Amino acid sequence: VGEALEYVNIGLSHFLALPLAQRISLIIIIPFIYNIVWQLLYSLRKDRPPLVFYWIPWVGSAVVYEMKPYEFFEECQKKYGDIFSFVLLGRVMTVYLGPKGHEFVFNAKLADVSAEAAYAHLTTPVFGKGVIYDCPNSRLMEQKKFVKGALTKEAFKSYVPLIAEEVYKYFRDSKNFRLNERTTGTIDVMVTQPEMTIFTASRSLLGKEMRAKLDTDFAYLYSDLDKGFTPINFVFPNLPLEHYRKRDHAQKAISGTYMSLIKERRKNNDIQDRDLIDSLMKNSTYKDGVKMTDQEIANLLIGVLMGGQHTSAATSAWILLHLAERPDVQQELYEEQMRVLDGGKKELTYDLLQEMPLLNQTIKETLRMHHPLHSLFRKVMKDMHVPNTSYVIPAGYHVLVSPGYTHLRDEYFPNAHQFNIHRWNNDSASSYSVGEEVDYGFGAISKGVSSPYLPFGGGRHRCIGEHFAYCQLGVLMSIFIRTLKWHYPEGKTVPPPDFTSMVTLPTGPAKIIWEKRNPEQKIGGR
């Protein structure tokens, strides 16, 4: 025995004396073997959900997950059922599929899980400090309350003609259209929709000054900030590269522009009820009496515009793409436009938008087939027991929920891979509570989150943008339909999603051919 402890020591010294080749080689081959041994041992644990096997340590199942998450989830679901874990770039993600998963994660106790712990790197570098996920949850709840106060039915009545003006100006002035000069053309929807989206959301939420800025070199800062919104931040939120410097600069420059306007409006008492800026200036004092700073207000503006930017632009791109191979649906939507707007003799209003059920069902169905966020998650802060199981999810794990996956299951949506707006007949609401409501600080919302359709999530982190998105998308699509027909280049069809970006946008280039329904129609203005 004593002779063996000596040879331990001897073995240590010989190990350290190995050639620099073998030692390097051992450096990688040792934790490769340990990783594999640990997993086999982990599988013996009956209080842990099954863990997807993987070869490369740290990296885990990152490649297959990020490239086709729904295919990954379905294969895992077959082998293990609805609850399973996988390693993702240093983290352990526990996935809970289906409505019970929704309930488990979206309705989890505030003390059990943290969204800001999961997300703050995806957002704080882009938006700025003090808001969204760079603040306690109770602060987020009131920020959501503040933003929601600019998102009223009255606001939407005022936004609808502004959004319409931007769409028509885009049709008139953009090189992608020029409808006064050209009667047919080809566009990349991943070019047009981001532009139309920022033009319409700027004009309505930020106001005319901020909209005007986008006609200048200033627009390039939005591009820079936009490029700083990437899943890469999930791993590398700060790296000494030019990319990261333009982002940080952009955030500074853009928040500075918003603060400049804010300070001017106050130093002119020019504070009204026009836009989200006026609203936050009048209404951004927390319940404990602390006021948001001008910097925090500006940062909150950036976050709200950036969030609405990517979800919405992706969604209208998908709407155009699905309709491009469905002239029957374009036709049905057009007849509804003619009926509700009296053959075009009525001006579009917010109230008339609500009387367009097929148009709204089209948005609704697009959001079913294309949830812009395939995976939502939280960091586990306290050990969680999974009801009706012996599973315990340890703190330090992350939980992942994917309502978009359930959107595409035949059990909940018959022929789920078929685009059919009529599956929503007499059910054209963006969403609704089928029962009890609860209020987390930004208004009463559904207490239950068991709906198999959950494009806007649920619980305390639920979206507050849904009515703005439908308003924006509704106006945009109403004008598209009334103005244009469109179709695919020969042999093209709906592209597959790119699941590696922040949202699940179409893989580009995604081109459609438009043509004017009324070639002689002119769009006025200078």
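Note that residue numbering begins at 1 and tracks the sequence as displayed.
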* Structure fact -> Entry B factor averaged over C-alpha atoms, 213-221 against 326-334: higher for 213-221
* Which is higher in the entry, the mean Cα B factor of 419-427 or that of 260-268? -> 260-268
* Can you pull the Cα B-factors for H121, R409, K145, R339 from the entry and say which is highest? => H121
* Asked: Per the coordinate record, which of the options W486, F480, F468, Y34 holds the highest CA temperature factor?
  -> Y34
* Structure fact -> Entry-reported C-alpha B-factor of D273 relative to its chain, by third, is highest
* **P69, C-alpha B-factor rank within chain (lowest, middle or highest third)** => middle
* Structure fact -> Quick tally, chain-level thirds of C-alpha B-factors: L12 sits in the highest
* To do: State the tercile, meaning the lowest, middle or highest third, of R91 with respect to the CA B-factors recorded for its chain.
  => highest
* Asked: Lowest, middle or highest third of the chain for the C-alpha temperature factor of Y244?
  -> highest
